[PDB]
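K.L.:
First, the structure itself, so that you have it in front of you.
Just so it is clear, none of the values below were taken in a lab; they were calculated from the coordinates. Ideal geometry is used to build each Cβ from the backbone, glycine not excepted, and the neighbour counts take in all protein chains shown.
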Amino acid sequence: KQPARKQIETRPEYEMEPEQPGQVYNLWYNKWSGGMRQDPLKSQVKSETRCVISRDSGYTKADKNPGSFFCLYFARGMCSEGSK
RNA sequence: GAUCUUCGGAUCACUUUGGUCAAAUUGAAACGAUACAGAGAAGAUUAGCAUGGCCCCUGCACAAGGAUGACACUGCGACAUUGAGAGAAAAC
Ligand SMILES: [K+]
Ligand SMILES: [Mg+2]
Ligand SMILES: [Mg+2]
């Protein structure tokens with residue numbers, strides 16, 4: 001019954017190159033291509049952040065709108081705007 | 001707010017938001033490699049052009065190529081049974 005707090009103060013930026021020798025970025029399909037297919041179920045890297053309702057939930061600007069949706073990023077816990 | 005008007009007001013303008021979709025593991029494709037076989041015509045080597053379509057790829061193309069591009073190329077019962085004999089059964 002208190003305003004919602006922001007979880008991640010920073011913005012996770014995108015910079016990563018798999019398999020340094022044998023990968024090249026693909027402009028059309030925005031993903032790295034070439035190199036070993038690699039296990040389909042291998043990339044899974046444990047998530048870094050985690051959330052619970054108790055310490056995180058609260059009011060936000062979307063509570064006013066009757067048809068508002070939930071944060072894709074609150075559940076995964078990197079909503080970096082808070083109550084805004 | 002600007003213009004007049006006579007301090008009543010009149011003019012002038014008047015409803016945005018191109019949305020494969022919210023900051024990239026879990027809704028834009030198609031696969032590397034290793035291991036197996038491993039190149040059409042009845043001996044052997046080998047030119048090709050076709051036929052068929054829920055197979056495509058390269059191409060601007062209704063040219064032409066990709067192993068003659070590849071796969072496929074088979075096969076069965078609107079047979080009426082009587083022709084006869086034998087042992088049985090039921091029957092000339
Ligand atoms: K040939
Ligand atoms: Mg041809
Ligand atoms: Mg052919």
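K.L.:
Roughly speaking, what % of Cα-Cα pairs in chain A are separated by over 21 Å, rounded to a whole number? All intermediate terms of the calculation are to be shown ahead of the outcome.
P.N.:
Details: 1749 of 3486 pairs.
Summing the P(r) tail past 21 Å for chain A gives 50 percent.
K.L.:
Just grab the label-to-label distance for residue A:6 and residue A:59, each label 7 Å out from Cα along the Cβ direction, in nm (one decimal).
P.N.:
1.9 nm
K.L.:
Tabulate in residue order the Karplus-calculated ³J(HN,Hα) for segment A:67-84, using 6.51 cos²θ - 1.76 cosθ + 1.60 with θ = phi - 60°, rounded to whole Hz; enter x for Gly and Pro.
P.N.:
My calculation for segment A:67-84 gives x, 5, 10, 7, 6, 4, 9, 5, 4, 7, x, 10, 6, 9, 9, x, 5, 5 Hz in order.
K.L.:
Before rounding to the nearest 500, sum -39500 (n - 2.57) across all DSSP H runs of length at least 4 in chain A and divide by the residue total; then give [θ] at 222 nm in deg cm²/dmol.
P.N.:
Here the helix-only value at 222 nm equals -1500 deg cm²/dmol.
K.L.:
Can you tell me which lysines have their Cα less than 21 Å from the Cα of residue A:84? Leave out same-chain residues fewer than eight positions away.
P.N.:
A:1, A:6, A:61, A:64
K.L.:
Treat every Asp and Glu Cβ in segment A:36-84 as -1 and every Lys and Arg Cβ as +1, leave all other atoms uncharged, and give the resulting dipole magnitude about the Cα centre to the nearest 20 debye.
P.N.:
Approximately 80 debye in magnitude.
K.L.:
Using θ = phi - 60° and the Karplus curve 6.51 cos²θ - 1.76 cosθ + 1.60, what whole-Hz ³J(HN,Hα) does each residue of segment A:56-62 get, with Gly and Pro shown as x?
P.N.:
Calculated HN-Hα couplings, in order: 10, 5, x, 5, 8, 4, 7 Hz.
K.L.:
Could you work out how far the C-alpha centroid of segment A:56-84 sits from that of segment A:7-41, in angstrom?
P.N.:
First find each Cα centre; the distance between them is then 29 Å.
K.L.:
Something else now. What order do you get for A:63, A:56 when you list them from fewest to most C-beta neighbours inside 10 Å?
P.N.:
A:63, A:56
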